[PDB]
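# Survey of secondary and tertiary structure
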Amino acid sequence: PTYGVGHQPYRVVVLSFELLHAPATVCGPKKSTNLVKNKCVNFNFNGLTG
Amino acid sequence: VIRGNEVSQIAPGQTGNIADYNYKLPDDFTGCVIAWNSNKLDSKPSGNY
Amino acid sequence: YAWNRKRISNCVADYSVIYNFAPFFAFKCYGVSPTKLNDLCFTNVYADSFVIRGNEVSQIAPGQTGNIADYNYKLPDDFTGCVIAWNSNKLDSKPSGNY
């Protein structure tokens, strides 16, 4: 504890996110919505938009 | 847990001691890096070994 | 206002021993990578040393304006090398005032 600020210990937590084409398992607090078809509208299908 | 001189070594495409022999990150790494001081938990007057 | 200059020439320079000598935050180098210094090599090396306060640390940079950059110490616009700075409140401070 008597060392300088450049030699002090540091706790490092590294988080890695697997962004691939696999189906998702980790998704946060966002509610779902009933679907709609045969009319042009914004869709959030599988996270991908359009 | 690493010292204060190796905080910048945890980065994609980095060269050093921790980045070469201890912990190497990929070049296309996505994610977040969290670092904070822990001098009140990881330091001892007799020597934390 | 009276910073020294040390000529460094004909030396086998290992730049990994600097991290074991001073407890600094960042090994700030402008025109070269700090970790790449072992491979490439140059002709002449200079070393400077001075003590400033915390408000004017950022003025030690190419193309900077301030009290130190105008009247004390000015860096060239095409500077390459490394600038090393660290806090020294445990050595350069006195309870009666360091004058």
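Criteria and thresholds
- Residues numbered from 1 in each chain as written, not as in the entry; some residues may be left out.
- Chains lettered and ligands numbered in written order.
- Part of a larger assembly, values for the part shown.
- Heavy atoms only, no water.
- Helix = DSSP H or I, 4+ residues; strand = E, 2+ residues; numbered from the N terminus.
- Buried < 20%, exposed > 50% of the residue type's maximum accessible area, 1.4 Å probe, protein only.
- Contact = heavy atoms within 4.5 Å.
- Salt bridge = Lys/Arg side-chain N within 4 Å of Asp/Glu carboxyl O.
- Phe/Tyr/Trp six-rings, centres within 6.5 Å; stacked < 30°, edge-to-face > 60°.
- Disulfide = S-S within 2.5 Å.
- UniProt positions renumbered as here; feature names shortened; annotations may be inferred.
- Buried area = accessible area lost by both parts, 1.4 Å probe.
- Polar contact = N/O pair within 3.5 Å; in protein donor to acceptor, adjacent residues only side chain to side chain.
- Nonpolar A, V, L, I, M, F, W, Y, C, P; charged D, E, K, R; others polar.

- Its PDB header attributes the entry to cryo-EM and lists the resolution as 3.2 Å.

## Description of the overall build of chain C
- Helix and strand counts for chain C stand at one helix and four strands.
- When the helices and strands of chain C are read in sequence order from the N terminus, they spell out β-β-β-α-β.
- Each of the three principal axes of chain C carries a C-alpha extent, and together these read 45 × 30 × 25 Å.
- Evaluated residue by residue, chain C yields a buried proportion of 16% over its 99 residues.
- Contacts spanning at least 24 positions in sequence make up 62% of the contacts within chain C whose residues lie at least 6 apart.

## Here's the deal with the pattern of salt bridges
- Evaluation of the coordinates by the stated rule reveals two salt bridges over all chains.
- For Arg 11 of chain A, the salt bridge goes to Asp 42 of chain B, with nearest N and O atoms at 2.9 Å. One end of the pair, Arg 11 of chain A, is in strand β1 (residues 9-16); the other, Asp 42 of chain B, is in the segment after β2 (31-37), on a second chain.
- Exposure remark for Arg 11 of chain A: the relative accessible area of 30% places this residue in the partly exposed category.
- For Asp 42 of chain B, a relative accessible area of 19% gives the class buried.
- Residues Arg 5 of chain C and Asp 48 of chain C are paired through a salt bridge, measuring 3.3 Å at the closest nitrogen-oxygen approach. One end of the pair, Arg 5 of chain C, is in strand β1 (residues 4-8); the other, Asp 48 of chain C, is in strand β3 (residues 45-49), with 43 residues separating them in the sequence.

## Section: the packing of aromatic side chains
Residue and element names in this part refer to chain C.
- Inspection of the entire model under this criterion finds seven aromatic pairs over all chains.
- With a centroid separation of 5.0 Å and 40° between ring planes, the pair formed by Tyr 19 and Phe 27 is classed as tilted.
- The class of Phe 27 is buried, set by a relative accessible area of 10%.
- Aromatic side chains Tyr 30 and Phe 79 sit 5.7 Å apart centroid to centroid with 70° between the ring planes, which places their arrangement in the edge-to-face category. Of this pair, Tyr 30 sits in the loop between β2 (27-29) and β3 while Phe 79 sits in the loop between α1 (67-72) and β4 (82-84), and the two are 49 residues apart along the sequence.
- Since its relative accessible area comes to 36%, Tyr 30 is described here as partly exposed.

## Some thoughts on the environment of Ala 22 of chain A
- Within the secondary structure, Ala 22 of chain A sits in the segment after β1.
- Along the primary structure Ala 22 of chain A and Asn 46 of chain A are separated by 24 residues, whereas in three dimensions their C-alpha atoms are 10 Å apart.

## Comments concerning the UniProt feature "disulfide bond" in chain C
Residue and element names in this part refer to chain C.
- Judged by the under 2.5 Å criterion, the sulfur atoms of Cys 29 and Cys 82, which UniProt pairs in a disulfide, are close enough at 2.0 Å to be bonded in these coordinates. Pair noted here: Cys 29 is in strand β2 and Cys 82 is in strand β4, with a separation of 53 residues, a long-range link.
- Accessibility expressed as a relative area gives 13% for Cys 29, which makes it buried.

## A look at the interface of chain B and chain C
- With five residues of chain B in contact, the opposing surface of chain C contributes six residues.
- Between chain B and chain C, a total of about 380 Å² is buried, with carbon and sulfur atoms accounting for 27% of that surface.
- Sorting the residues of chain B by area buried against chain C places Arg 3, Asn 5 and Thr 15 of chain B first, and these three jointly supply 90% of that buried surface.
- Taken together, the connections running from chain B to chain C amount to zero salt bridges.
- Along the contact surface separating chain B from chain C lie two residue pairs in polar contact.
- The residue makeup of the side of chain B that touches chain C, split by class, is no nonpolar, four polar and one charged.

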